[PDB]
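Asker: Shown below is the structure under consideration.
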Amino acid sequence: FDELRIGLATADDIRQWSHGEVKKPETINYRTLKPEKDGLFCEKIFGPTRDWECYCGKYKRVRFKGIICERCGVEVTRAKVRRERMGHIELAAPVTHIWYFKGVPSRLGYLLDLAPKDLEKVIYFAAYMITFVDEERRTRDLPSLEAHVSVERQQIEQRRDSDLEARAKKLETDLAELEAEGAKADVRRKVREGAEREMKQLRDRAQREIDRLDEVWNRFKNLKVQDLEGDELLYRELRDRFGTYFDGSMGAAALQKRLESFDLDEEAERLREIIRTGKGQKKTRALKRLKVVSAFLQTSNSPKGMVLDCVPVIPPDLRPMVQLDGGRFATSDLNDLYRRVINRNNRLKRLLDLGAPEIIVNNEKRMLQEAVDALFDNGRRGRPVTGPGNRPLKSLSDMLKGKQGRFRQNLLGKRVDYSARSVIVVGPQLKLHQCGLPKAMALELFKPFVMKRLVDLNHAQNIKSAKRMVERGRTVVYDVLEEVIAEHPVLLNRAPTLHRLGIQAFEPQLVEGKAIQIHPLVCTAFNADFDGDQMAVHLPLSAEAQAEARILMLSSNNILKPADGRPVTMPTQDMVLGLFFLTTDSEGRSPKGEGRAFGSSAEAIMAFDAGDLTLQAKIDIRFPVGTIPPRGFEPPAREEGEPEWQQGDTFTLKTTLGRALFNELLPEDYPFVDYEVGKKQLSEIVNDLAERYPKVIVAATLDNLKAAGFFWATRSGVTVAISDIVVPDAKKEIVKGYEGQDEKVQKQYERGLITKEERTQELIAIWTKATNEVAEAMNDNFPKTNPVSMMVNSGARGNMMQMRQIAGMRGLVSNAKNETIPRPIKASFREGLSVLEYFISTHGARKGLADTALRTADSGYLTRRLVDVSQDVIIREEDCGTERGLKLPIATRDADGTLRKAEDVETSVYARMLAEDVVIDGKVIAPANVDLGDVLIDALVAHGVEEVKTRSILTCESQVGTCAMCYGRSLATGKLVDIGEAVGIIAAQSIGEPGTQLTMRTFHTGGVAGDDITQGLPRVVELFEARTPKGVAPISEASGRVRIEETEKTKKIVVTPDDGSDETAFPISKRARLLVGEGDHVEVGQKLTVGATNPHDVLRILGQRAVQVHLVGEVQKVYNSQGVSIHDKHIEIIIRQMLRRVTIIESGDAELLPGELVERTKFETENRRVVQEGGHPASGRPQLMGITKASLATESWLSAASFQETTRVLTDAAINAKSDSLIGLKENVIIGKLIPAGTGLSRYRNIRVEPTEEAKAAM
DNA sequence: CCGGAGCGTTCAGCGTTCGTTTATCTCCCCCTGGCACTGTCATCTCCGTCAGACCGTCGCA
DNA sequence: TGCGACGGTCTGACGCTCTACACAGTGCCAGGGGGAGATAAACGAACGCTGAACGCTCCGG
Ligand SMILES: [Mg+2]
Ligand SMILES: [Zn+2]
Ligand SMILES: [Zn+2]
């Protein structure tokens, strides 16, 4: 598996694959139910349907396998041969391929200079095509044919003159005889009128035949190859008049004959000549066509695959006709399509056997062509073939395309064995590495292991007896099951699996019931509530799989979230409330025994059990030797005339008993914490523990925190009664005053002194004031003791706006189609809404539900696009030799006389490395190539630095992939990233995970459309897809004088740069709201109008670093407006994948086409190649493209095919005959090999393991 | 004190019975061919995606 | 040729199981060729009958 090739398949290859001809449309016999001979499903062509048997019934045994039966020809072998053995159909008339005709010009190619409508007219038998003309023979005898035509014209004119003379004589004769007879008074006038009517009719006939001769003559005089004529009567006239001069044809045979005489190299030369001298859209034409001609010139694939003579067939087991219970049959649609193809081909053969008219033959040929096209693509042209009358008939290309195709439903995602699924329940008795599997589910997963152990422990005689015991379910089987599942990890997995931690390895443990017991401490890593949530369990099977489960996937090793490096395995519902209650202050709770000395924590616990001491009471408590004092305890000390060190020995501290118990949970080496914990302080404590302590200690400490959090949340006394939710007493008088002034405004409006829009605006303004003020009143009324505030102020669960709309009034609520009702909801959920208030609240609720459904769908789509563009980005080197980096701001927004560090330094500068040392006073502050943390950044900002040159992934120049040092330390593990970690996939998952968490939509348009830019997740998609924004703000090209032009039809802006530069003019709509002065000084940096800048021009006029900063900052301010934090390197990986290409111009010396996508590495290699030859290099402008366009424009066609476009990329690969190296992860998942990342690298699989000499000597 | 008779086992004459084929005689399946007043253009699709892009196409300028 | 715009074309439109189903209006027979099954015979084989015949222990007058 060095690589995988693809190309056009000629008739020879199709015949070589085939084991025979499918000469009959019959599939199976209706009585014997055996496949027919020499047709579809035939055993002679496709192999035996039985095992080692054959059609005629002879040769039943297995011994004489691999022989050809003389009676029927069926080779005796296995039935699975029918999954690999194919045949072919020979066509009576050649037909074209529907992928290449009727497609994109990158796919059709315009190989022959014909329009797509012209190709349609020629191949579907509506117009003849002149494939060959003897041009030199036609031009050599021009005087002879001209003389013949002149002779024909002369004799025609002589006949016309003789006829005119005879007609005149007849007219004179009849006039004379009817004027001599005198039958009527004016019969001579009537006969003269009839005669002249005859004269004009014959003159019309003469002029129409003269025009016919003239038009056929000028049709022959302008006759070239690839010239069509719609009128078959006209072509018949040319054939009957002119012979052996021009060769004509009709249908796909005309294209085949044209491709027989096609001379592609001279056409390529002519297109290159037009490239040298050409303008306009034809230029682009002269570009695109040339590319496809090059695709037929450089590679070895002949264009004989353009039109096909033989049709391959699927092996019959991949288009099965299976028996169904009740005597029915289930048949694939490809059997119907193939049957139609053979039917039409056989009918065409029968028509060609005997004498048939050309119209019937051409009609049957067109039917055969349409049958082949519907076989390859049903529904590409016209109405799709339906069948029973309900749904379109599935074709060959419809299972290589879309969600139902082979690439996405059967290769990337597959069903698995040794897997199960059950609902989850919380088990607090479990450790962090444990999960509770039911008896039946674990017995079914570990069935062969249980059978082997039963055989080994001689409880069963053999495998069959062990299987019978397992199926019966005896108690010794369950004892064996308990013995087996130990030390054998299983992978728990929740279905949405947005990010990396959706699959985690746990040690299984037998539990009762039928539900999986999961640890609470890990649930939010899975985003798993216990409303109802089925989790799947997969079984790592070999030593490698369960080794990776134990080492890489263990749930106790995944404390930190890979998105931003913050801890994720500290859920907050009940444990944080308990720890907060334990560690909170004595505010609002009656402290008994406050301010009394205690000898030890045990005595304080005894006093608490006695009841004369409460948990929250400032007491003077002594601590034994080995207890580390708080970090703030060091500057104070005990007063003594002798030297003392309270860092290692006993000390007294003024604290509550709850803090003493909480620090009993924490390790003895950890410094004492003397503050209210809650949630955020718990986050910094857990982050410090994960940073400074080993994994097992961290797992034990989170287990202790979990256990004591549950324990003290039980005794915290939190509950909900109707007296626990309190409406403010001020709310009644405040809403009374606001209704009084609202009644005053309304009775003022009834006189018409104010418009309704102004009244609505002031009403929503004053009611927003009222709801903010009553929120303030509620936030003043609450005590620190009631459970609802105790669980919203502790970060446990809840938000302040939920308490605002539970205790105080709901506030302004959006109406349908996104405006606000002027009348608010004055009732709290405790008081109960009225009927109409409930209705207008349902207006917003249903919108929210629909919005979050579509938002999570779009987030999944964005995640898929990001993963497919960001793959094949793997740390492949330990370090670069580089010292180039990114200049990031470290301290900003400084006041007078002080310096403040950056607000978002955690996701911008942290977890990176310095490209070079930093010195301010001649001494180094921080070394080079070290991770940045709190203390180092604090030292930098204290010593007085304003910017830091840090080593980023955008500036990485490595020969393969990116290095570990330029990427920086990994955020999932907190250490330096290993060589082989897929950083692109981690980056894509981290970007796409909070897409459903954003929950953003424009509140109100304000009555104007287009004034507001896209916000939320669609803004992120627009940013990553390189699309021009909805509100575009043009950027000035150069510094100069800017002025406005207020033309009535459309506004206009004109800026003239100084230093003789050319003036640039931008058109602006009348609804502009710009911010630049009229006739003022402007430069490149600022924007002329207000809106969202287009990143393409930002790349164009400012540079690649400026547009990198722009994109990173834009996506980070979209994400930061909600509150989600994502590190900058995750964005920068995709941004580097975004700027990887270049658009080339004046490429007359680099010997390739101009104005197309070129990779940076290939362009640079071509630049060295052309400067080593001495020629001047071509020009190249960096091109910023979407993630979809960067995904499709990839070297490997397997990854391109498995992505969105599935038919066009395969045609393009077939024309280009491109073979893909099997590097990358999608085309290694597809083929089944190891991915080239992580444990699948070559540098990890080449180690050899043997024991040491002393270990052998010991035993 | 061998001699004969009865008994055990083992083979050559012709005498019948099997093991496996063969052509002829009913019953059925399956494919090609005949019908002679005249009778010479069907068929319903497809709408309250959807969101914007990519692209060629095309008449106006 | 540049212009918008007109239009067709094309693509996907988070994830799983618990659940999970099936699918409907217009002819008819005669003459002839093959192979499935029943028939009665046939050339060759071996299958039995004929006890005879060789040789042994044998009780023996
Ligand atoms: Mg749930
Ligand atoms: Zn056979
Ligand atoms: Zn590097």
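So for chain A, numbering is Swiss-Prot's, and the shown residues are 7-1265, in order.
Note: Cβ is positioned from N, Cα and C throughout, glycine not excepted.
OK, Swiss-Prot features for this one:
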BINDING   A:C60, A:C62, A:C75, A:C78  Zn(2+) 1 binding site
BINDING   A:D535, A:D537, A:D539  Mg(2+) binding site
BINDING   A:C886, A:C962, A:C969, A:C972  Zn(2+) 2 binding site
REGION    A:385-405  region 'Disordered'
Asker: Taking ligand 3 as the reference, state which of the binding-site residues A:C60, A:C62, A:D537, A:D539, A:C886, A:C962 have a Cβ closer than 6 Å to one of its atoms.
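Answerer: A:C886, A:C962, by Cβ distance under 6 Å.
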Asker: DSSP three-state call for A:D539 (Mg(2+) binding site): helix, strand or coil?
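Answerer: DSSP call for A:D539 (Mg(2+) binding site): coil, neither helix nor strand.
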Asker: Which one is closest to A:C75 (Zn(2+) 1 binding site) in space, judged by CA to CA distance, out of the binding-site residues A:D535, A:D539, A:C962?
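Answerer: Going through A:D535, A:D539, A:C962 one by one, the Cα closest to that of A:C75 (Zn(2+) 1 binding site) is A:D539.
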Asker: At a 10 Å cut-off from the C-beta of A:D539 (Mg(2+) binding site), count the other C-beta atoms across all protein chains.
Answerer: 18
Asker: Give the subset of the binding-site residues A:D535, A:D537, A:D539, A:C972 lying near ligand 1, defined as CB under 6 A from any of its atoms.
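Answerer: Result: A:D535, A:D537, A:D539.
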Asker: Taking only the binding-site residues A:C62, A:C75, A:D537, A:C962, A:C969, A:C972, which have a CB closer than 6 angstroms to any atom that belongs to ligand 2?
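Answerer: The ones that qualify, in sequence order, are A:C62, A:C75.
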Asker: In the structure shown, with every protein chain counted, which of the binding-site residues A:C60, A:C75, A:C962 has the densest set of Cβ atoms within 10 angstroms of its Cβ?
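Answerer: The residue with the densest Cβ neighbourhood is A:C60.
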Asker: Among A:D535, A:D537, all listed as binding-site residues, which has the most CB atoms within 10 Å of its CB?
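Answerer: The residue with the densest Cβ neighbourhood is A:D535.
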Asker: Fewest other C-beta atoms within 10 angstroms of its own C-beta: which of the binding-site residues A:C62, A:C78, A:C886, A:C969, A:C972 fits that?
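Answerer: Least crowded of the binding-site residues A:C62, A:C78, A:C886, A:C969, A:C972, by Cβ count within 10 Å, is A:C62.
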Asker: Of all the binding-site residues given, namely A:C60, A:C78, A:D535, A:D537, which is spatially nearest to A:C962 (Zn(2+) 2 binding site) at the Cα level?
Answerer: A:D535
Asker: Check the Cα distances from A:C62 (Zn(2+) 1 binding site) to each of the binding-site residues A:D535, A:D537, A:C886, A:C969 and keep only the ones within 10 Å.
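Answerer: Checking each Cα against A:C62 (Zn(2+) 1 binding site), there are no hits.
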Asker: Determine, using Cα-Cα distances only, which of these binding-site residues is closest to A:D537 (Mg(2+) binding site): A:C60, A:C886, A:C972.
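Answerer: Out of the listed candidates, the nearest Cα belongs to A:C972.
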Asker: Determine which residues of this chain, when A:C886, A:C962, A:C969, A:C972 are set aside, have a Cβ within 8 Å of the centroid of the Zn(2+) 2 site's Cβ atoms, and list them as they appear in the sequence.
Answerer: A:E883, A:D885, A:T888, A:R957, A:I959, A:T961, A:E963, A:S964, A:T968, A:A970, A:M971, A:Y973
Asker: Expressed to the nearest Å, what is the distance separating A:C969 (Zn(2+) 2 binding site) and A:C60 (Zn(2+) 1 binding site) at their Cα atoms?
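Answerer: If we compare the Cα positions of A:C969 (Zn(2+) 2 binding site) and A:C60 (Zn(2+) 1 binding site), the gap is 61 Å.
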Asker: Where A:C886 (Zn(2+) 2 binding site) and A:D539 (Mg(2+) binding site) are concerned, what is their Cα separation in Å, rounded?
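Answerer: A:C886 (Zn(2+) 2 binding site) to A:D539 (Mg(2+) binding site), Cα-Cα distance: 46 Å.
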Asker: Looking only at the region 'Disordered' (A:385-405), how are its residues distributed among DSSP helix, strand and coil?
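Answerer: For that range the per-state counts are 3 helix, 0 strand, 18 coil.
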Asker: Which of the binding-site residues A:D535, A:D539, A:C972 has its Cα closest in space to the Cα of A:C78 (Zn(2+) 1 binding site)?
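Answerer: Answer for the nearest of the binding-site residues: A:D539.
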Asker: Using C-alpha positions only, work out which of the binding-site residues A:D535, A:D539, A:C972 is nearest to A:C60 (Zn(2+) 1 binding site).
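Answerer: That would be A:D539, nearest by Cα distance.
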Asker: In DSSP terms, helix, strand or coil for A:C972 (Zn(2+) 2 binding site)?
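Answerer: Where A:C972 (Zn(2+) 2 binding site) sits, the three-state DSSP reduction gives helix.
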Asker: Taking 8 Å from the centroid of the Cβ atoms of A:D535, A:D537, A:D539 as the cut-off, which other residues in that chain fall inside it around the Mg(2+) site?
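Answerer: Near the Mg(2+) site, the remaining chain residues are A:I430, A:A534, A:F536, A:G538.
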Asker: Taking the mean position of the Cβ atoms of A:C60, A:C62, A:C75, A:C78 as the Zn(2+) 1 site, which residues outside that list, in the same chain, have a Cβ no more than 8 Å away, listed in sequence order?
Answerer: A:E49, A:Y61, A:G63, A:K64, A:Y65, A:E76, A:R77, A:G79, A:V80
